[PDB]
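Listed next as structure tokens is one chain, alone, in the form deposited without ligand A1IPE.
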């Protein structure tokens, strides 16, 4: 992989692996989400930031501050096949004091056509107290020299799906998958549950018949609270409709919300 000519974005190619594909012999949405995080990490390393998933700067490290995902939005037009080469371009933008945004464009390497796009909202948090804060001038200036100055959006359209408000699923859920627990392979290098695991847990409550006859086109996921290594999760889904669903991940015991989301599926 490499930073582009102007140094304001990063590109990387990936060959889709045999264990990365589902029943249609094309990459799963979790494989796509892992590749998005991999190219994001390689972009941060290339410009001298922390590589542990937090993309931390000098002044953030001293203050015990980290970047955490608030929302992930992914739209796939065509899933790359096993053995195919996918090219992913990524860039970051400051969103004033609110936080940062990381965007991605996925392309078929052979044809050059756009096969997918993604966007993510990140907020600043103290890693110890878990308290959120606005972005200071000191931190904005340090990130701004690595971001395009004019707006560059993967989702430019007015009132697009990436900015919609997600409601809270009401009991009873139409479908559920209970007792979901992370194993060591679900953890990152910091022993925290990887953000992609939550995407998998959301999808666990979609019936197998939908998965077998439909393709996932859009997924929007809000992150409210983290699942700890010894926590247990319940995944809930209700049809709201193409097939659309409303999703809720909550702790198995007290019912504490960890995530909420929506998915849109197209008939094969």
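Residue numbers count along the first chain shown, from 1. In this text, rigid core is short for the largest set of C-alphas that superpose within 1.5 Å between two forms.
The next section is about a form of this same protein that is not shown, the form deposited with ligand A1IPE bound.
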> Taking 235, 251 and 255 together, does each of them reach ligand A1IPE in the deposited complex with some heavy atom inside 4.5 Å?
Replying inline: no
>> Test of understanding: in the deposited complex, would residue 92 fall inside 4.5 Å of ligand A1IPE by heavy atoms?
In response: yes
> If you check in the deposited complex, is residue 173 within 4.5 Å of ligand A1IPE, heavy atoms only?
Replying inline: no
> Does any heavy atom of residue 243 come within 4.5 Å of a heavy atom of ligand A1IPE in the deposited complex?
Replying inline: no
> With the cut-off set at 4.5 Å between non-hydrogen atoms, does residue 63 touch ligand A1IPE in the deposited complex?
Replying inline: no
> Going by heavy atoms, what in 74-105 lies within 4.5 angstroms of ligand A1IPE in the deposited complex?
Replying inline: 92, 100, 102, 104
> Following superposition of the rigid core, which of 213, 228, 46, 51 is the only residue with a C-alpha displacement of 2 Å or more between this form and the one not shown?
Replying inline: 51
